[PDB]
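Undergrad: One file is attached below, model-v9.tsv, containing TSV, C-alpha atoms and all ligand atoms.
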chain	number	residue	atom	x	y	z
A	8	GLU	CA	0.00	0.00	0.00
A	9	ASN	CA	1.05	3.58	-0.89
A	10	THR	CA	0.66	5.35	2.47
A	11	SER	CA	2.84	8.22	3.83
A	12	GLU	CA	4.13	5.78	6.50
A	13	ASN	CA	5.34	3.22	3.89
A	14	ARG	CA	6.72	6.14	1.86
A	15	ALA	CA	8.73	7.36	4.88
A	16	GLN	CA	10.22	3.85	5.29
A	17	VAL	CA	11.21	3.70	1.65
A	18	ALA	CA	12.82	7.13	1.86
A	19	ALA	CA	14.78	6.14	4.98
A	20	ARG	CA	15.93	2.86	3.41
A	21	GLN	CA	17.06	4.78	0.28
A	22	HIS	CA	18.96	7.40	2.21
A	23	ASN	CA	20.59	4.80	4.49
A	24	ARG	CA	21.61	2.71	1.47
A	25	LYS	CA	23.41	5.67	-0.04
A	26	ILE	CA	25.44	6.04	3.17
A	27	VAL	CA	26.33	2.26	3.15
A	28	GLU	CA	27.47	2.68	-0.44
A	29	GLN	CA	29.52	5.69	0.49
A	30	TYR	CA	31.10	3.83	3.42
A	31	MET	CA	32.10	0.92	1.32
A	32	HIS	CA	33.67	3.08	-1.39
A	33	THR	CA	35.62	5.25	0.97
A	34	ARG	CA	39.35	4.87	0.16
A	35	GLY	CA	42.59	6.69	0.62
A	36	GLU	CA	42.64	10.01	2.41
A	37	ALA	CA	38.85	10.05	2.45
A	38	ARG	CA	39.08	7.40	5.16
A	39	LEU	CA	40.11	10.20	7.52
A	40	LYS	CA	36.48	11.55	7.25
A	41	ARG	CA	34.46	8.32	7.25
A	42	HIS	CA	33.63	9.01	10.97
A	43	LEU	CA	31.39	11.85	9.85
A	44	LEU	CA	28.89	9.25	8.63
A	45	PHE	CA	28.29	8.25	12.28
A	46	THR	CA	26.10	9.63	15.08
A	47	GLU	CA	28.16	11.48	17.68
A	48	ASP	CA	27.91	8.40	19.96
A	49	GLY	CA	28.26	5.92	17.07
A	50	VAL	CA	30.23	2.74	17.48
A	51	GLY	CA	32.28	0.91	14.85
A	52	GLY	CA	34.85	-1.87	14.84
A	53	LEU	CA	35.89	-5.47	14.55
A	54	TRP	CA	33.71	-8.18	16.10
A	55	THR	CA	35.87	-11.21	15.21
A	56	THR	CA	39.19	-11.07	16.96
A	57	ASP	CA	41.74	-13.57	18.34
A	58	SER	CA	40.83	-12.55	21.92
A	59	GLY	CA	37.20	-13.27	21.31
A	60	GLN	CA	36.13	-9.81	22.43
A	61	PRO	CA	35.38	-7.03	19.95
A	62	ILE	CA	37.59	-4.08	19.27
A	63	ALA	CA	34.77	-1.54	19.55
A	64	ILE	CA	35.50	2.10	18.85
A	65	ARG	CA	33.02	4.36	20.64
A	66	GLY	CA	32.21	7.83	19.50
A	67	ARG	CA	32.59	9.87	16.36
A	68	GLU	CA	35.85	11.45	17.58
A	69	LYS	CA	37.35	8.10	18.53
A	70	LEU	CA	36.39	6.70	15.16
A	71	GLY	CA	38.29	9.55	13.53
A	72	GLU	CA	41.42	8.82	15.54
A	73	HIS	CA	41.11	5.16	14.68
A	74	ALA	CA	41.05	6.13	10.98
A	75	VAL	CA	44.55	7.69	11.33
A	76	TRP	CA	45.79	4.30	12.72
A	77	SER	CA	44.01	2.35	10.00
A	78	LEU	CA	45.45	4.35	7.17
A	79	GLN	CA	48.94	3.73	8.61
A	80	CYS	CA	48.37	0.02	9.05
A	81	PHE	CA	46.29	-0.65	5.92
A	82	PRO	CA	47.64	2.09	3.60
A	83	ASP	CA	46.02	1.01	0.34
A	84	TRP	CA	42.95	-0.92	1.50
A	85	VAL	CA	40.16	-1.52	-0.88
A	86	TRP	CA	36.79	-3.29	-0.50
A	87	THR	CA	35.59	-5.30	-3.55
A	88	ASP	CA	32.80	-7.66	-4.57
A	89	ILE	CA	30.42	-5.53	-2.51
A	90	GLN	CA	26.89	-6.91	-2.12
A	91	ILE	CA	24.49	-4.76	-0.09
A	92	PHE	CA	21.47	-6.42	1.63
A	93	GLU	CA	18.48	-4.32	2.69
A	94	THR	CA	16.45	-5.83	5.49
A	95	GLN	CA	12.90	-5.60	6.75
A	96	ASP	CA	14.26	-2.89	9.09
A	97	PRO	CA	14.91	0.28	7.09
A	98	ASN	CA	17.64	1.14	9.55
A	99	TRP	CA	19.60	-2.18	9.38
A	100	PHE	CA	21.70	-3.33	6.45
A	101	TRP	CA	24.25	-6.09	5.86
A	102	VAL	CA	27.14	-6.15	3.41
A	103	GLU	CA	29.05	-9.12	2.15
A	104	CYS	CA	32.38	-8.24	0.46
A	105	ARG	CA	36.05	-9.00	0.18
A	106	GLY	CA	38.95	-6.75	1.07
A	107	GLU	CA	42.64	-6.68	0.09
A	108	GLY	CA	45.65	-4.57	0.72
A	109	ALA	CA	49.01	-4.23	2.36
A	110	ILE	CA	49.18	-4.96	6.08
A	111	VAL	CA	51.82	-3.05	8.04
A	112	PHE	CA	51.62	-3.93	11.71
A	113	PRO	CA	54.53	-3.15	13.87
A	114	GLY	CA	56.35	-6.21	15.21
A	115	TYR	CA	55.59	-8.09	12.04
A	116	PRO	CA	56.92	-8.02	8.50
A	117	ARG	CA	54.87	-6.11	5.93
A	118	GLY	CA	52.37	-8.45	4.26
A	119	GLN	CA	49.48	-8.68	1.79
A	120	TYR	CA	46.22	-9.23	3.55
A	121	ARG	CA	43.10	-10.59	1.93
A	122	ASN	CA	39.85	-11.53	3.75
A	123	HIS	CA	36.17	-12.07	3.41
A	124	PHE	CA	33.95	-9.78	5.37
A	125	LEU	CA	30.42	-9.31	6.59
A	126	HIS	CA	29.48	-5.78	7.84
A	127	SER	CA	26.42	-4.86	9.86
A	128	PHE	CA	25.19	-1.22	9.64
A	129	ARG	CA	22.51	0.10	12.02
A	130	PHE	CA	21.16	3.63	11.58
A	131	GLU	CA	19.58	6.37	13.67
A	132	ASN	CA	18.33	9.63	12.16
A	133	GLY	CA	20.11	8.86	8.90
A	134	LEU	CA	23.55	8.38	10.43
A	135	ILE	CA	25.34	5.15	11.39
A	136	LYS	CA	24.75	4.29	15.05
A	137	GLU	CA	26.58	0.96	14.98
A	138	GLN	CA	28.89	-0.62	12.41
A	139	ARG	CA	30.41	-4.09	12.99
A	140	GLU	CA	32.69	-6.16	10.82
A	141	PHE	CA	33.08	-9.92	10.85
A	142	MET	CA	35.96	-11.71	9.16
A	143	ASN	CA	38.18	-14.88	9.62
A	144	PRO	CA	41.03	-13.92	11.91
A	145	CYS	CA	42.99	-16.86	10.62
A	146	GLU	CA	43.51	-15.09	7.27
A	147	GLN	CA	44.95	-12.15	9.10
A	148	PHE	CA	47.33	-14.39	10.97
A	149	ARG	CA	48.57	-15.76	7.59
A	150	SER	CA	49.13	-12.15	6.31
A	151	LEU	CA	51.30	-11.45	9.42
A	152	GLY	CA	53.36	-14.62	9.20
A	153	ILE	CA	51.64	-16.07	12.32
A	154	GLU	CA	51.26	-19.88	12.36
A	155	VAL	CA	47.60	-20.76	12.08
A	156	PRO	CA	46.42	-23.38	14.61
A	157	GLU	CA	44.94	-26.45	12.85
A	158	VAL	CA	41.87	-28.47	13.95
A	159	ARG	CA	41.83	-32.15	12.90
A	160	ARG	CA	38.28	-33.29	12.02
A	161	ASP	CA	38.43	-37.04	12.35
A	162	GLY	CA	35.68	-38.98	10.74
A	163	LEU	CA	34.31	-35.86	9.10
A	164	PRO	CA	32.48	-37.39	6.19
A	165	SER	CA	33.74	-36.97	2.59
B	9	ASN	CA	-1.82	-5.66	-4.85
B	10	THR	CA	0.12	-6.84	-7.98
B	11	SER	CA	0.49	-10.57	-8.87
B	12	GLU	CA	4.30	-10.51	-9.24
B	13	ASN	CA	4.86	-8.92	-5.85
B	14	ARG	CA	2.09	-11.20	-4.48
B	15	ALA	CA	4.30	-14.17	-5.67
B	16	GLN	CA	7.38	-12.63	-4.05
B	17	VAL	CA	5.67	-11.93	-0.75
B	18	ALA	CA	4.54	-15.57	-0.79
B	19	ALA	CA	7.99	-16.97	-1.65
B	20	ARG	CA	9.60	-14.80	1.04
B	21	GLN	CA	7.04	-15.88	3.65
B	22	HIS	CA	7.50	-19.55	2.74
B	23	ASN	CA	11.27	-19.21	2.86
B	24	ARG	CA	11.19	-17.45	6.22
B	25	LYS	CA	9.36	-20.47	7.67
B	26	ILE	CA	12.10	-22.82	6.40
B	27	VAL	CA	14.80	-20.56	7.92
B	28	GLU	CA	12.91	-20.65	11.25
B	29	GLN	CA	12.62	-24.42	11.05
B	30	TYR	CA	16.31	-24.77	10.33
B	31	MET	CA	17.33	-22.48	13.19
B	32	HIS	CA	14.97	-24.32	15.61
B	33	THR	CA	16.11	-27.82	14.70
B	34	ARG	CA	17.69	-29.59	17.66
B	35	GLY	CA	18.44	-33.11	18.94
B	36	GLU	CA	17.50	-36.11	16.84
B	37	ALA	CA	15.60	-33.82	14.50
B	38	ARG	CA	19.00	-32.71	13.29
B	39	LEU	CA	19.26	-36.02	11.37
B	40	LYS	CA	16.42	-34.84	9.07
B	41	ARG	CA	17.51	-31.16	8.63
B	42	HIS	CA	18.90	-32.08	5.15
B	43	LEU	CA	15.35	-32.46	3.97
B	44	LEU	CA	15.08	-28.66	3.99
B	45	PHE	CA	17.60	-28.55	1.09
B	46	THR	CA	17.31	-28.96	-2.68
B	47	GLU	CA	18.62	-32.28	-3.97
B	48	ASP	CA	21.88	-30.62	-5.01
B	49	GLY	CA	21.92	-28.10	-2.13
B	50	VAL	CA	25.13	-27.13	-0.37
B	51	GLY	CA	25.73	-26.41	3.31
B	52	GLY	CA	28.73	-25.90	5.51
B	53	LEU	CA	31.30	-23.77	7.18
B	54	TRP	CA	32.78	-20.80	5.37
B	55	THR	CA	35.22	-19.64	8.09
B	56	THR	CA	37.82	-22.33	8.65
B	57	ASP	CA	41.41	-22.54	9.88
B	58	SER	CA	42.47	-23.71	6.45
B	59	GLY	CA	40.99	-20.71	4.64
B	60	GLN	CA	38.84	-22.99	2.49
B	61	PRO	CA	35.19	-23.75	3.27
B	62	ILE	CA	34.08	-27.14	4.52
B	63	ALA	CA	31.20	-27.39	2.00
B	64	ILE	CA	28.88	-30.40	2.00
B	65	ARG	CA	27.28	-30.89	-1.43
B	66	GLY	CA	23.97	-32.63	-1.81
B	67	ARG	CA	21.07	-33.74	0.25
B	68	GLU	CA	22.52	-37.24	0.89
B	69	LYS	CA	25.92	-35.95	2.02
B	70	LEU	CA	24.19	-33.39	4.19
B	71	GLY	CA	22.29	-36.21	5.87
B	72	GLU	CA	25.58	-38.03	6.48
B	73	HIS	CA	27.19	-34.93	7.96
B	74	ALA	CA	24.35	-34.73	10.43
B	75	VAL	CA	25.26	-38.12	11.94
B	76	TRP	CA	28.79	-36.77	12.44
B	77	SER	CA	27.59	-33.51	13.81
B	78	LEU	CA	25.28	-35.15	16.31
B	79	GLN	CA	28.23	-37.14	17.67
B	80	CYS	CA	30.63	-34.15	17.81
B	81	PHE	CA	28.08	-31.57	19.09
B	82	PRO	CA	25.63	-33.72	20.93
B	83	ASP	CA	23.50	-31.00	22.59
B	84	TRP	CA	24.01	-28.01	20.26
B	85	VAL	CA	21.50	-25.18	20.42
B	86	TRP	CA	21.17	-21.92	18.54
B	87	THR	CA	19.92	-18.99	20.58
B	88	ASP	CA	19.40	-15.27	20.20
B	89	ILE	CA	18.16	-15.83	16.65
B	90	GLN	CA	17.58	-12.74	14.55
B	91	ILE	CA	16.36	-13.33	11.02
B	92	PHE	CA	16.97	-10.75	8.31
B	93	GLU	CA	14.83	-10.77	5.19
B	94	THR	CA	16.44	-8.99	2.19
B	95	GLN	CA	15.37	-7.47	-1.04
B	96	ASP	CA	15.77	-10.92	-2.60
B	97	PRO	CA	12.87	-13.17	-1.48
B	98	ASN	CA	15.27	-16.03	-1.89
B	99	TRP	CA	18.11	-14.73	0.30
B	100	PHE	CA	18.11	-14.43	4.05
B	101	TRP	CA	20.74	-13.76	6.73
B	102	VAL	CA	20.57	-14.87	10.34
B	103	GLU	CA	22.63	-13.53	13.26
B	104	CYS	CA	22.69	-15.79	16.35
B	105	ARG	CA	24.70	-17.47	19.03
B	106	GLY	CA	25.36	-21.13	19.41
B	107	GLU	CA	26.69	-23.37	22.18
B	108	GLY	CA	27.14	-26.93	23.21
B	109	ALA	CA	29.57	-29.60	24.22
B	110	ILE	CA	32.33	-30.18	21.66
B	111	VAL	CA	33.39	-33.87	21.47
B	112	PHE	CA	36.11	-34.29	18.79
B	113	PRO	CA	38.40	-37.28	18.39
B	114	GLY	CA	41.74	-36.52	19.98
B	115	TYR	CA	40.80	-33.42	21.88
B	116	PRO	CA	39.49	-33.01	25.42
B	117	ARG	CA	35.69	-32.66	25.70
B	118	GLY	CA	34.95	-28.95	25.78
B	119	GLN	CA	32.22	-26.40	25.96
B	120	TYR	CA	32.05	-24.53	22.64
B	121	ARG	CA	30.26	-21.12	22.27
B	122	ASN	CA	30.45	-18.86	19.23
B	123	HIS	CA	28.66	-16.03	17.43
B	124	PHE	CA	27.37	-16.93	13.98
B	125	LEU	CA	26.09	-15.33	10.80
B	126	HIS	CA	24.28	-17.65	8.47
B	127	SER	CA	23.40	-17.11	4.78
B	128	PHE	CA	20.46	-18.95	3.28
B	129	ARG	CA	19.73	-18.83	-0.46
B	130	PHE	CA	16.68	-20.63	-1.77
B	131	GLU	CA	15.47	-22.28	-4.98
B	132	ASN	CA	11.98	-23.62	-5.48
B	133	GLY	CA	11.17	-23.16	-1.81
B	134	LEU	CA	14.07	-25.21	-0.47
B	135	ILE	CA	17.61	-24.26	0.60
B	136	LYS	CA	20.10	-24.23	-2.32
B	137	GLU	CA	23.05	-22.82	-0.32
B	138	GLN	CA	23.57	-22.41	3.39
B	139	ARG	CA	26.78	-20.91	4.69
B	140	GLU	CA	27.86	-20.23	8.20
B	141	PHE	CA	30.46	-17.71	9.35
B	142	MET	CA	31.97	-17.71	12.83
B	143	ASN	CA	35.25	-16.93	14.63
B	144	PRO	CA	37.44	-20.07	14.46
B	145	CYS	CA	39.45	-18.85	17.40
B	146	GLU	CA	36.55	-19.61	19.74
B	147	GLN	CA	36.55	-23.20	18.47
B	148	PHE	CA	40.27	-23.45	19.04
B	149	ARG	CA	39.71	-22.33	22.69
B	150	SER	CA	37.02	-24.88	23.15
B	151	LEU	CA	39.41	-27.68	22.16
B	152	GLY	CA	42.27	-26.43	24.25
B	153	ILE	CA	44.26	-25.30	21.19
B	154	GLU	CA	46.56	-22.31	21.74
B	155	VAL	CA	45.43	-19.13	19.93
B	156	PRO	CA	48.11	-16.60	19.00
B	157	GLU	CA	47.63	-13.02	20.08
B	158	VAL	CA	47.88	-10.29	17.41
B	159	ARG	CA	49.61	-7.14	18.68
B	160	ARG	CA	48.21	-3.87	17.34
B	161	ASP	CA	50.78	-1.19	18.44
B	162	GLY	CA	49.42	2.37	18.41
B	163	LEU	CA	45.88	1.16	18.36
B	164	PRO	CA	44.15	4.03	20.02
B	165	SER	CA	42.12	3.77	23.25
C	1	LIG	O1	40.26	-1.12	11.65
C	1	LIG	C1	40.14	-2.18	12.29
C	1	LIG	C2	39.65	-2.16	13.78
C	1	LIG	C3	40.94	-2.46	14.64
C	1	LIG	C4	41.45	-3.88	14.24
C	1	LIG	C5	41.85	-4.00	12.76
C	1	LIG	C6	42.39	-5.35	12.41
C	1	LIG	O2	43.33	-5.85	13.03
C	1	LIG	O3	41.84	-5.93	11.51
C	1	LIG	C7	40.67	-3.53	11.78
C	2	LIG	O1	39.03	-4.86	8.92
C	2	LIG	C1	39.40	-3.87	8.29
C	2	LIG	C2	40.37	-4.09	7.30
C	2	LIG	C3	41.28	-2.92	7.07
C	2	LIG	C4	40.58	-1.54	6.92
C	2	LIG	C5	39.74	-1.35	8.16
C	2	LIG	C6	39.03	-0.01	8.31
C	2	LIG	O2	39.69	0.96	8.76
C	2	LIG	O3	37.87	0.00	8.04
C	2	LIG	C7	38.76	-2.52	8.40
C	3	LIG	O1	28.86	-29.05	11.10
C	3	LIG	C1	29.91	-28.40	10.80
C	3	LIG	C2	30.55	-28.37	9.38
C	3	LIG	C3	31.96	-29.00	9.40
C	3	LIG	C4	32.84	-28.29	10.49
C	3	LIG	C5	32.15	-28.12	11.88
C	3	LIG	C6	33.03	-27.43	12.89
C	3	LIG	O2	34.08	-28.05	13.07
C	3	LIG	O3	32.67	-26.33	13.37
C	3	LIG	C7	30.70	-27.52	11.84
C	4	LIG	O1	29.04	-24.72	13.27
C	4	LIG	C1	28.28	-25.51	13.78
C	4	LIG	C2	28.41	-25.89	15.22
C	4	LIG	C3	27.77	-27.22	15.53
C	4	LIG	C4	26.48	-27.48	14.77
C	4	LIG	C5	26.67	-27.43	13.26
C	4	LIG	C6	25.26	-27.46	12.64
C	4	LIG	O2	24.30	-27.52	13.40
C	4	LIG	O3	25.15	-27.34	11.45
C	4	LIG	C7	27.21	-26.07	12.87
Kindly present the structure from the file in structure tokens form.
Ligand SMILES: O=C1CCC[C@@H](C(=O)O)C1
Ligand SMILES: O=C1CCC[C@@H](C(=O)O)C1
Ligand SMILES: O=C1CCC[C@@H](C(=O)O)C1
Ligand SMILES: O=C1CCC[C@@H](C(=O)O)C1
TA:
Amino acid sequence: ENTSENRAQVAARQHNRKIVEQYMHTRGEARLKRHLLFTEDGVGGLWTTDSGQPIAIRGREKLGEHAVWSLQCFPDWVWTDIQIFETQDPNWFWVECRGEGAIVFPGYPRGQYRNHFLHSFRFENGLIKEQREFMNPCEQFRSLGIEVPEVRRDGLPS
Amino acid sequence: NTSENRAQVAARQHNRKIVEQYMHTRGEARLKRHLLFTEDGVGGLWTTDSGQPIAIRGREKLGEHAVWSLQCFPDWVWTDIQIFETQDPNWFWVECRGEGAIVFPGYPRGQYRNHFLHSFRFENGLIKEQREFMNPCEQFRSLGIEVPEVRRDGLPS
């Protein structure tokens, strides 16, 4: 049905999608301003870590400081194979994509890092309130020269 | 009210029920979960230590994997299930938790907990591809396997 309430939802979903698209195409020095797409109290970060706890970055200002670190450590990062998923909630989107670039973490040799990622984007008033990324930390270990633990799966059918 | 979109709403509703059934399947019912798939459907784990998926291809293989899984994860339950419809009536995502005993050959019995994203793509009202994404490090912990710690110097507070 074409009601003003359904129309508002569509508008919201369209606006929010544009921001997800912008986020995912943000490269290079533009990364230093990606925080501006967040609410003042917005949270972003990595939900799949070796420690098992997220690295959550809280607040628009913190996100901007994190961007300085990220550009140092991932100096040429690009996201590719981007698929955006709208949901039944006009303020919640998922993205499946890959990423590749140099990895330059102190205490390790410089490497080439590739991973598969899922991102969650939740919105409030047209700005991102919570962004979360999910990847396989094992692929990061490989990029850093870190031995990847191996699980034997005995009897796993063929 | 347009017949195309009526078809889509219907397919999406039907598909949502199958996703719910899958996510609520527990205990011996797990041995019949393969029935929710197309004959050539694929399921499995997309986040592995090896970097390659453990993909199980076909309804019969899927049914075999379930015997294995019931041995290895005898009491597994999904919880905190959130189902996400998408713009494709045939594609859904699920965010959830899962936990249970982990009973692998050659490792001490453990208690395994992880956070999961699942992808479900449909064809003809059955699952053509299921993929699950998790953090393998939590499965290492559960088996007593040492997990390296990545240092991130400079990482701001
Ligand atoms: O920018 C990111 C959040 C901090 C951890 C980083 C990582 O090690 O992948 C990614
Ligand atoms: O996980 C990540 C890979 C490297 C770039 C990071 C970022 O600053 O977004 C995210
Ligand atoms: O049922 C499953 C697919 C094969 C690997 C398993 C695991 O080791 O997590 C999960
Ligand atoms: O990753 C998994 C943990 C144990 C159950 C397996 C399943 O139910 O498919 C999946």
Undergrad: Residues of chain B were defined as contacting chain A if any atom lay at most 6 Å from it, counting all atoms listed in the file; please report them as an MDAnalysis selection string.
TA: chainID B and resid 55 57 92:95 143 145
Undergrad: Keeping only C-alpha atoms, write those residues as a CSV table (one decimal), in the frame of the given file.
TA:
chain,number,residue,atom,x,y,z
B,55,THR,CA,35.2,-19.6,8.1
B,57,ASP,CA,41.4,-22.5,9.9
B,92,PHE,CA,17.0,-10.8,8.3
B,93,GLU,CA,14.8,-10.8,5.2
B,94,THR,CA,16.4,-9.0,2.2
B,95,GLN,CA,15.4,-7.5,-1.0
B,143,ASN,CA,35.2,-16.9,14.6
B,145,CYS,CA,39.4,-18.8,17.4
Undergrad: Compile the contact shell of residue 118 of chain B as a list in words: residues with an atom at most 12 Å away, counting only C-alpha atoms, same-chain residues fewer than 6 positions apart removed.
TA: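 The residues satisfying every condition are residues 80, 81, 82, 107, 108, 109, 110, 111, 112, 146, 147, 148, 149, 150, 151, 152 and 153 of chain B.
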Undergrad: Considering only C-alpha atoms, return as a list in words whatever protein or nucleic-acid residues lie within 10 Å of residue 78 of chain B, sequence-local ones (same chain, fewer than 6 positions apart) excluded.
TA: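 Using only C-alpha atoms, the neighbours found are residues 34, 35, 36, 37, 38, 39, 84 and 111 of chain B.
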Undergrad: What does the distance between atom CA of residue 101 of chain B and atom CA of residue 88 of chain B come to in Å, to one decimal place?
TA: 13.6 Å
Undergrad: What gap, in Å, lies between atom CA of residue 25 of chain A and atom CA of residue 128 of chain A?
TA: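 If I compute the distance from atom CA of residue 25 of chain A to atom CA of residue 128 of chain A, I get 12.0 Å.
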Undergrad: Padding 8 Å on every side, please: axis-aligned box over the listed atoms of segment 111-119 of chain B, centre and edge lengths to one decimal in Å, as AutoDock Vina command-line options.
TA:
--center_x 37.0 --center_y -31.8 --center_z 22.2 --size_x 25.5 --size_y 26.9 --size_z 23.6
Undergrad: Which residues, written as number ranges by chain, have at least one atom at most 9 Å from segment 104-106 of chain B, with all atoms listed in the file counted and residues fewer than 4 positions away on the same chain left out?
TA: B: 84-91, 120-126
